[PDB]
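Asker: Below: the sequence, then the experimentally determined structure.
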Amino acid sequence: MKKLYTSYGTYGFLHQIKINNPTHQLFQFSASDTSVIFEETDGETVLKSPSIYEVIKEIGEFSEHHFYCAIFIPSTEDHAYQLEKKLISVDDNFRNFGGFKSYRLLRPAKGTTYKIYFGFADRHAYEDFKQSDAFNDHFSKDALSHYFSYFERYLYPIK
C-alpha cells in the first residue's frame, strides 16, 4: 500500500538524511516554522518516527522545484469516513488551473487529522487558486467545518 512519510527538523538535520540515502526519492523544503522532508513509497521509509499517511488519491509527480501547500484538516472518529468520501468526490477540474502541478489526499495512520498537498508552480499560483470557487467551496475551513486547528503550512523549494 502506498504511503507518505513526513519528517521535521532543521535544514542540516534533514539534509543529512537526504544525502545518506541517495537510493530514496526524498523531497526537502523550507517552511516558515521548520524544515520539512517527505517520501512516498509502498516500501520501507528511511525516516525515523515520521508522520505516516496512506495515499487515498493522487495526481501528478513531486518535484523539488515546486511550491507546496500542506492543509491540515482536523476531524473526529465519527466524521472521518464522511470527510474522506467528500474529499474523494471533488471535481477534478482544478487540475487545469494555471500553475497546477500535483495533488495528494492523505489518510492518517494515527488519529483523525487529514492532510492535503497541493503542488503548484509557485506561491502566487496556489494563492490565486485558493481564492477560486473550486477551492473555497471544497477545501477551505468553511467548506469542511461540518466535519470538525485547521491550518496551512507553506513549503518552499530550497535554494
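Answerer: Structure's in. What do you need? Residues are numbered from 1 along each chain as shown.
Asker: Could you report the neighbour count for the nearest residue to residue 148 once chain neighbours are set aside?
Answerer: Closest residue to residue 148 apart from its sequence neighbours, by Cβ to Cβ, 6 or more residues apart in numbering: residue 74 at 5.9 Å. The C-beta positions use only the backbone N, C-alpha and C, and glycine is treated the same way. Other residues near residue 74 come to 18 when the count uses other Cβ atoms under 10 Å.
Asker: for residue 74, what are its contacts?
Answerer: By Cβ atoms under 8 Å, 6 or more residues apart in numbering, residue 74 lies in contact with 112, 113, 148, 149, 150.
Asker: repeat that with 7 Å
Answerer: Residues in contact with residue 74 (Cβ atoms under 7 Å, 6 or more residues apart in numbering) are 113, 148, 149, 150.
Asker: what do you get for residue 7?
Answerer: Applying Cβ under 7 Å, 6+ apart, the residues near residue 7 are 14, 37, 47, 50.
Asker: let's go with 6 Å and repeat that
Answerer: 37, 47, 50 (Cβ atoms under 6 Å, 6 or more residues apart in numbering).
Asker: what's around the last one, how many residues?
Answerer: In terms of burial, residue 50 registers 18 neighbours under the definition other Cβ under 10 Å.
Asker: With adjacent residues omitted, what lies nearest to it?
Answerer: Closest to residue 50 by Cβ to Cβ, 6+ apart is residue 5, at 3.8 Å.
Asker: quick one: the one you found and residue 47 touch, right?
Answerer: Yes: using Cβ atoms under 6 Å, residue 5 and residue 47 qualify as a contacting pair, with a distance of 4.8 Å.
Asker: Would you show me how to pick out the buried ones of the contacts of residue 74 in PyMOL?
Answerer: Restricted to buried positions by 16 or more other Cβ atoms under 10 Å, the PyMOL selection for those reads:
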select buried, resi 113
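Asker: could the contacts of residue 74 go into a markdown table alongside distance to residue 122?
Answerer: Below are those laid out as a markdown table (distance: Cβ to Cβ, whole Å):
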| residue | distance to residue 122 |
| --- | --- |
| 113 | 27 |
| 148 | 30 |
| 149 | 27 |
| 150 | 23 |
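Asker: List phi and psi for the residue nearest to the spatial centre of the chain.
Answerer: The centre of the chain sits closest to residue 117, judged by Cα atoms, centre = their mean, with a distance of 2.5 Å. The phi and psi torsions at residue 117 (degrees, to the nearest 10) take the values phi -100, psi 130.
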